[PDB]
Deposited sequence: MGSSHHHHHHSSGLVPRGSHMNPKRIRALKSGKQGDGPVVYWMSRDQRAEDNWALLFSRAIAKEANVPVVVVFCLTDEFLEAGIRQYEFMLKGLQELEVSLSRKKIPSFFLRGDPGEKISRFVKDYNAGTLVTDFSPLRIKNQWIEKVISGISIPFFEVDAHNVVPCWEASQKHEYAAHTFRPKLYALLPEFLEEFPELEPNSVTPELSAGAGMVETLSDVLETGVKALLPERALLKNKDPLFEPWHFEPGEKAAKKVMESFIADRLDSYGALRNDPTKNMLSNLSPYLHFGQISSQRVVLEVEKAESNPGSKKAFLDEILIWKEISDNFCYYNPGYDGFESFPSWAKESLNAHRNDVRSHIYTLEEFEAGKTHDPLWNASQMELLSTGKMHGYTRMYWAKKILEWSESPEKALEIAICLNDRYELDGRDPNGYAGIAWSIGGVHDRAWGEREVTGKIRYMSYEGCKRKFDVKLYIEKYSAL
């Protein structure tokens, strides 16, 4: 609609209709932040043109029961901060409970909303909620990509087989879509308790908590401070202290040399566009700069591409034909070990390097990026079938990772087990032509003994 610094390719219409006379409602789901949020900015530009206020509506679902307290507290504390941030901009935030397909349509009718705006997510349940809302509303319904630097429907029109095909496409659109962010103007016009939704939710998740032997929780909640502000300092400390050595030590789990931005990036507490803008300006190691930019741009946004064009992104059917044929041929092969879900969960395998990886996931909620590949590939090696390996890897990833339930997860798991965005390797038993990792290969890359001792 209008705005000089607003690219119209970031916004697409889910439903046409007659503009209402009420405020513009932003259905915040994925990008939980006030700054550097295209969905909140575009909602504001429309409200300014229509001479109406803009309000933010957030629907708390029953989805937190599937996960644990570690993600629930991380999200809820971030929203408590966001409530204060929007209040200073004179933007009232409403927090609802229940099915978004029923609650959002009721709010748009109760509040007499004029236009509805939401952010983009390629997940299945988001597309289901939007279709339920479309049938219930009569006002226009727009969608804005505030997560990806290049809007997902613009970067490619089909499923990308590999990164070397997606890389030229994305880097060619960077001069257009890589731009600064204008400030969020405060509202000229005017018009549940999160402290209750937090206490009610923790009392429900308390039985499912991950514990020790003498009933002491394994999760250490002091490693990552949640919120928009703390995410800014994590990115600042990375670019100043850790980015120079990122290209050389990103695969060393004994060195805390990663950006640690994924939990904030998953919940939308910081914009990846903002991080790219600051890394692009920083004068650091040219090899390290390109290595990081390939992670936050190519591999992050191609994961949205994978989920957005493959609805069965968490299933065996999404695997490439060569991988499905190979894994099918080795279904009857004898496995060296067979472990259940509970044995993987408690870290009681024969491999101490795998066990230490699970210990890092249970204690900190963020396992080092290199060991995540070794972690998932050994699940496939020591399971009944490729389907049970996929089920277990997704279950443990979504239950204990702060960045779980994310397109980066289902794409990263499909890469590990189904060879998605990968290629074929030497033929083996059980795994077939899926890329193989070994305990001995990690020994010649990093001090395995230190990583094992660090996590029992």
{"property": "Gaps in the model (deposited sequence, numbered from 1)", "result": "1-15, 207-215, 481-482"}
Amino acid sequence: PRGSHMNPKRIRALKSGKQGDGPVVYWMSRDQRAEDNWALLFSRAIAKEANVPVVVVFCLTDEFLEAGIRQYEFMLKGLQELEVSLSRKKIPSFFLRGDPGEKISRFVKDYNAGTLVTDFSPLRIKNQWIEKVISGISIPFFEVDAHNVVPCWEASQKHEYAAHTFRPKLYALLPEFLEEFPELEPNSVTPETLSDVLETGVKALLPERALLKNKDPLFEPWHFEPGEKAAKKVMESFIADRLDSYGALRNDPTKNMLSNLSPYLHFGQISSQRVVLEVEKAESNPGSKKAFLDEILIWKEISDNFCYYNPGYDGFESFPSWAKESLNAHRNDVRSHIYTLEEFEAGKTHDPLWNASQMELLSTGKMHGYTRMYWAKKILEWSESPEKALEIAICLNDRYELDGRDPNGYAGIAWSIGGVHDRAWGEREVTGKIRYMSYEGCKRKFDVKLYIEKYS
From here on, numbers count along this sequence of modelled residues.
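We call the rigid core the largest set of C-alpha positions that still match within 1.5 Å between the two forms.
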query: Higher-deviation stretch (C-alpha RMS, rigid core fit) in 9 other deposited structures of this protein, choosing from 145-153 and 182-190; finding: 182-190
query: Greater mean Cα temperature factor according to the PDB record, 202-210 or 218-226; finding: 202-210
query: Stretch exceeding the other in mean C-alpha B-factor - 24-32, 392-400; finding: 24-32
query: Residue of maximum C-alpha B factor among 354, 344, 107, 370, per deposited coordinates; finding: 107
query: Highest recorded Cα temperature factor - choice among 411, 65, 50, 39; finding: 50
query: Ranked C-alpha temperature factor of residue 103 among modelled chain residues, by third; finding: highest
query: Within-chain third of residue 90 by Cα B-factor, per the entry; finding: highest
query: Cα B factor band for residue 382 (lowest, middle or highest third within the chain); finding: lowest
query: Residue 141 - Cα temperature factor, lowest/middle/highest third of chain; finding: highest
query: Third assignment of residue 431 from its chain's C-alpha B-factors; finding: middle
